[PDB]
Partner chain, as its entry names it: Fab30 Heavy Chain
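Shown here is one chain on its own, the form solved without the partner chain, set out as structure tokens.
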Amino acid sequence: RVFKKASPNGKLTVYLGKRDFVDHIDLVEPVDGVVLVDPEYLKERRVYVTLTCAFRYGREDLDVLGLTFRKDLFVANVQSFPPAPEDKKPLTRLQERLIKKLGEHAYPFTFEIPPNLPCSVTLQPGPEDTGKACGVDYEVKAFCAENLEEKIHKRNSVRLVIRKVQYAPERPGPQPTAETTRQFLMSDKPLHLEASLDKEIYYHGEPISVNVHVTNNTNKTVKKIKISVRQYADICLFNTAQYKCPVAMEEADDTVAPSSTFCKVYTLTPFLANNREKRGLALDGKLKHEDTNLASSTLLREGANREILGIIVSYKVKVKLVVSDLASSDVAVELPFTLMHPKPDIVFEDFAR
């Protein structure tokens, strides 16, 4: 499959092998595309292609109306036509195959996204939240003009929004574990809670198994157990804020009687509600789009600048025991984990998802 998009007037069209490019931590899948130029129409004008990564606030896109803040994080510019020498580019199979099938008016354009840039992330504030829509976008803009210092008209340019998604391989080592012990009033007898997850890294759609073990040497009773997954998303630019939202929950009527032991495995799956409501939830795309998932965890390299990532995302499973005197007491434990995007003769389809 191949996506393509043309400017208002078919004079210019962009072609991409995919909408999502994967970040592998050490390197990022290259953005290799091709553009179809019509030399006659262009005549004088040259065809350029720019890749922009920017944090934007106030609107759901980099458009003007109501965009109150914008910070450029990465910009790359290539002259596709005529093919500029300096911008050498060892074509990729997909590019060869595409220039051949499209014609000789089709020229390649290729971008190398640095590894430490933030991935595509967006957030739409909830009903009672006063912050605005914001996010990090990667925009590919193909346009034509004599030189870069001259005005470009919207009619001869194509703007596509691609996604850089983060992937990481499952790792070796002990699984996430946490425990706590509680002594209530008028007693030295302990209620001990221990839990763990089957892995440290999970992918969109994958179920999370939570092993919960309780040693109740108390005269108290555990009435119920609540297991939840929560997302934490911090806005780091312009209008600082901290959002928190449950993305999976399970309340079970399991009980743990006085001086008894209990264990059970609970399975839940963080999921973006098919019904897209504006909750202060960080996503990896517009909530409107089908392929949009919950944002992936932000990977924080040692000593890396946190602000310029724009929105920091993390997840945690929380295990809570509701105990049977004043108000019901609660014994809980939290377990961090990281959520990532899964691991990854020519048919054309629109890009607009």
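C-alpha atoms forming the largest set that superposes within 1.5 Å between two forms make up the rigid core. Numbering follows the first chain given and starts at 1.
- Remark: when the other structures in 5 other deposited structures of this protein are fitted onto this one via the rigid core, 180 to 188 deviates more than the alternative among 180 to 188 and 251 to 259, judged by RMS CA distance.
- In 5 other deposited structures of this protein, superposed by the rigid core, the C-alpha atoms of 66 to 74 lie farther from the shown form than the other of 290 to 298 and 66 to 74.
- Annotation: residue 344 belongs to the positions left without coordinates in at least a third of the other compared entries, with flanking residues modelled.
- Gap check for residue 324 to residue 325: 4 to 9 deposited residues are absent from the model.
- Where coordinates are absent for parts of the deposited sequence, a chain break appears; between neighbours residue 344 and residue 345 it spans 10 or more residues.
- As listed in the deposited structure, the average C-alpha B-factor of 228 to 236 and of 76 to 84 is greater for 76 to 84.
- Here 135 to 143 and 153 to 161 are compared by their mean Cα B-factor, and 153 to 161 comes out higher.
- Between the residues 98, 282, 186, 168, it is 98 that shows the highest Cα B-factor in the PDB record.
- Per the PDB record, 128 has a higher Cα B-factor than any other of 251, 198, 194, 128.
- Residue-level temperature factors show residue 309 in the lowest third of its chain, judged at the C-alpha atom.
- Sort the chain's modelled residues by C-alpha temperature factor and residue 69 lands in the lowest third, per the entry.
- Per-chain ranking of the deposited C-alpha B factor places residue 102 in the highest third.
- Residue 319: CA B factor in the lowest third of modelled residues in this chain (values from the PDB entry).
- Remark: residue 293 belongs to the middle third of its chain, ranked by C-alpha B-factor as recorded.
A second form of this protein, the form deposited with the partner chain bound, is not displayed here; the remarks below concern that form.
- Shown alone here, residue 273 lies within 4.5 Å of the partner chain in the deposited complex, counting heavy atoms only.
- Interface residue remark: residue 269 is counted as part of the site for the partner chain in the deposited complex, having a heavy atom within 4.5 Å.
- Taking the partner from elsewhere, residue 294 is found to have a heavy atom lying within 4.5 Å of the partner chain in the deposited complex.
- In the deposited complex, the partner chain sits beyond 4.5 Å of every heavy atom of residue 254.
- The stretch among 257 to 265, 143 to 151, 220 to 228, 205 to 213 whose residues place heavy atoms within 4.5 Å of the partner chain in the deposited complex is 205 to 213.
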